[PDB]
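Note on naming: letters A, B, ... go to the chains in the order of the sequence lines (proteins, then strands), and numbering restarts at 1 for each one. Values below: all heavy atoms of this structure, side chains included; hydrogens, waters and symmetry mates excluded.
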Amino acid sequence: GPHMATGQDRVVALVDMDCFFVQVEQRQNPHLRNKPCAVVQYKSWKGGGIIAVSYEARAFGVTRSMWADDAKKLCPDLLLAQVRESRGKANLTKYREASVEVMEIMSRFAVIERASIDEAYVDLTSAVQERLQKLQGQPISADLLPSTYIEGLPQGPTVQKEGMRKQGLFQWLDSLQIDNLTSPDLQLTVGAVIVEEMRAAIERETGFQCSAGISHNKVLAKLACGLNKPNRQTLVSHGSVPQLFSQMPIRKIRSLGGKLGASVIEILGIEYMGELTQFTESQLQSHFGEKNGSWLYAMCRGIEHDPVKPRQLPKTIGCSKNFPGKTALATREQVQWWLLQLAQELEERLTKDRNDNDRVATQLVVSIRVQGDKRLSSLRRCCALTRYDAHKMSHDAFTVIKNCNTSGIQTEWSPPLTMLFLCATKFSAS
DNA sequence: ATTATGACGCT
DNA sequence: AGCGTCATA
Ligand SMILES: [Ca+2]
Ligand SMILES: [Mn+2]
Ligand SMILES: [Mn+2]
């Protein structure tokens with residue numbers, strides 16, 4: 001009891017842009033606003049592949065990974081925006097630059113960890129402490145939380161969605177002990193006040209809407225964020241975890257969506273996160289290893305210690321292209337032309353990176369896939385990256401992979417290449 | 001014939 | 001180092 005940690009020491013938020021590439025395109029083209037619409041890459045093959053979908057289009061059943069031609073069968077009036085093509089490939093620069101807009105605003109409030117192109121974690125523990133001393137034991141008004149859900153409320157002894165949200169928020173605020181500067185629930189609440197402010201700033205200054213989760217760690221904050229999308233934020237308290245987890249499929253928790261989560265389910269014969277509490281730490285470590293076992297033991301109790309890392313910039317800069325089915329690269333000059341295309345985009349992004357961020361990459365990673373291999377990558381080789389020159393990088397890439405060519409004819413490439421990948425890594429200050 | 005990424009774990 | 005896992009638009 002007295003010595004049992006509860007993982008309530010931090011306030012952590014996760015901010016995730018709603019339908020992000022779609023919002024980037026809707027800001028640019030007002031005709032797409034408030035419409036079923038999606039973002040697609042390429043066209044020729046089945047109308048192109050969908051990579052983002054507006055909430056209006058989701059109502060028709062449109063999803064990511066859908067071919068646009070198939071999406072049009074569900075939603076005939078679906079509007080589409082295409083990813084830019086440069087040097088024969090999709091080019092995601094517009095969305096990377098829009099990401100920077102948002103990340104720079106968030107950084108004004110706190111240290112952030114860039115977790116994807118459209119989301120970052122925030123450690124708000126310090127900011128909350130400051131805001132609490134500004135508040136002077138003064139109660140938090142519902143007006144300060146106009147888009148916040150309190151997960152698990154209302155409960156106990158109106159049929160509209162916004163009405164339910166306010167009911168829950170009222171119950172929460174009615175219970176709050178604002179006289180205690182160290183109450184975790186109060187700290188989360190002030191955290192939510194700050195995230196309302198952050199989200200207002202993002203929308204004001206970019207036009208983009210986002211959702212957010214506020215909790216005591218990254219996993220709960222990420223989970224919370226998704227609970228009420230779009231354009232809303234959700235507070236998941238330590239106390240809300242047993243009920244939340246009692247019906248929460250294991251695969252919904254970050255890092256458990258794949259093989260490990262499948263094994264937790266199969267080996268233990270359970271379905272929900274909460275069911276993990278019935279195993280000892282040693283039992284979990286026996287099945288899933290020392291690190292995963294300890295992580296699972298604490299996580300199913302709502303506790304996790306992974307820090308919000310102070311990193312706003314990506315650690316690698318990469319440029320990849322698939323060559324599916326019949327477009328697979330079967331000649332040396334094909335291979336060399338596409339290495340150059342990739343290397344030219346890589347040089348452009350690397351040079352911009354060096355100017356913006358005062359750093360230089362020092363290692364070039366080259367990866368290919370061969371036709372037939374089920375694995376995404378077949379072969380990965382590194383070499384020195386000593387100069388930002390596309391022709392040098394592409395010549396070097398060819399050198400490190402050219403021995404993969406089984407063909408007795410050096411003119412021909414076999415087995416044909418179905419993927420090329422160039423990645424700059426190992427940055428040093430400059 | 002989802003594709004284009006990007007972080008981190010294992011040995 | 002090279003490979004695998006898991007994640008996001
Ligand atoms: Ca998003
Ligand atoms: Mn996201
Ligand atoms: Mn998504």
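Nucleic acid contact class of A/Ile117 (heavy atoms, under 4.0 Å, all strands): sugar-phosphate only. Residue A/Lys326 is out of contact with every strand shown, counting any heavy-atom pair closer than 4.0 Å. When heavy atoms are screened at a 4.0 angstrom cut-off, A/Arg381 is found touching the sugar-phosphate backbone but no base atom. Across all strands, A/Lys309 comes closer than 4.0 Å only to sugar-phosphate atoms, never to a base (heavy-atom distances). Among the atoms of the strands shown, only primed sugar atoms or phosphate atoms (P, OP1, OP2) are found under 4.0 Å from some heavy atom of A/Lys321. Within 4.0 Å of A/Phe421, counting heavy atoms only, lies no atom of the nucleic acid at all. Counting any heavy atom pair closer than 4.0 Å across all strands shown, A/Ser65 reaches a base atom. Contacts of A/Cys319 with the nucleic acid, taken as non-hydrogen atoms under 4.0 Å apart, involve only primed sugar atoms and P, OP1 or OP2. At a threshold of 4.0 angstrom between heavy atoms, the contacts of A/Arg96 are confined to the sugar-phosphate backbone, with no base atom among them. Within 4.0 Å (heavy atoms only), A/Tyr95 reaches no atom of the nucleic acid at all.
Comparing A/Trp45 and A/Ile317 along DNA chain B, the residue whose closest nucleotide (by nearest heavy atom) sits nearer the 5' end is A/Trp45. Where A/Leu342 and A/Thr327 each meet DNA chain B at their nearest nucleotide, the meeting point lying more 5' is that of A/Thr327.
Between the side chains of A/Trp295 and A/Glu304, at least one donor N or O sits under 3.5 Å from an acceptor N or O. If you check the side chains of A/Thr425 and A/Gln363, you find a donor sitting under 3.5 Å from an acceptor. Using a 3.5 Å distance cut-off with no hydrogens or angles, the side chains of A/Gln410 and A/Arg332 do not pair a donor with an acceptor. In this model, no donor atom of one side chain and acceptor atom of the other lie less than 3.5 Å apart for A/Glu151 and A/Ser237. Remark: the A/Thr148 side chain and the A/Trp172 side chain contain no N/O donor-acceptor pair separated by less than 3.5 Å. Side-chain contact, A/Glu203 with A/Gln209: a donor N or O sits under 3.5 Å from an acceptor N or O.
A cation-pi arrangement, defined by a distance under 6.0 Å to the six-membered ring centre and an angle within 45 degrees of its axis, is absent between A/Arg58 and A/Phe60.
Interface residues of residues 359-371 of chain A facing DNA chain C, ordered by number: none; criterion, heavy-atom separation under 4.0 Å.
Residue-level groove analysis places A/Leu376 in the major groove, using a cutoff of less than 5.0 angstrom between side-chain heavy atoms and groove-facing base atoms.
A salt bridge does not link A/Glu271 to A/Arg251: none of the charged nitrogens lies less than 4.0 Å from a carboxylate oxygen.
Distance OH/A/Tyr149 to NZ/A/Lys166: 9.5 Å, rounded to 0.5 Å.
Spacing of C1' atoms, C/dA7 relative to B/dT2, comes out at 16 Å, to the nearest Å.
Protein chain A contacts DNA chain C from C/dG2 to C/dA9, reading 5' to 3' and using non-hydrogen atoms of the protein with a distance under 4.0 Å. First and last contacting nucleotides of DNA chain B toward chain A (any atom under 4.0 angstrom from a heavy atom, 5' to 3' order): B/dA1 to B/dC10.
With contacts defined as side-chain heavy-atom distances shorter than 4.5 Å, the pair A/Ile368/A/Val335 does not qualify.
Considering A/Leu14, A/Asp18, A/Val15, A/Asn228 as possible partners of A/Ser211, the one that fulfils the side-chain contact (heavy atoms from CB on, under 4.5 Å) test is A/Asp18.
Using a 30° and 60° split on the angle between ring planes, A/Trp45 and A/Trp67 fall in the perpendicular class, above 60°.
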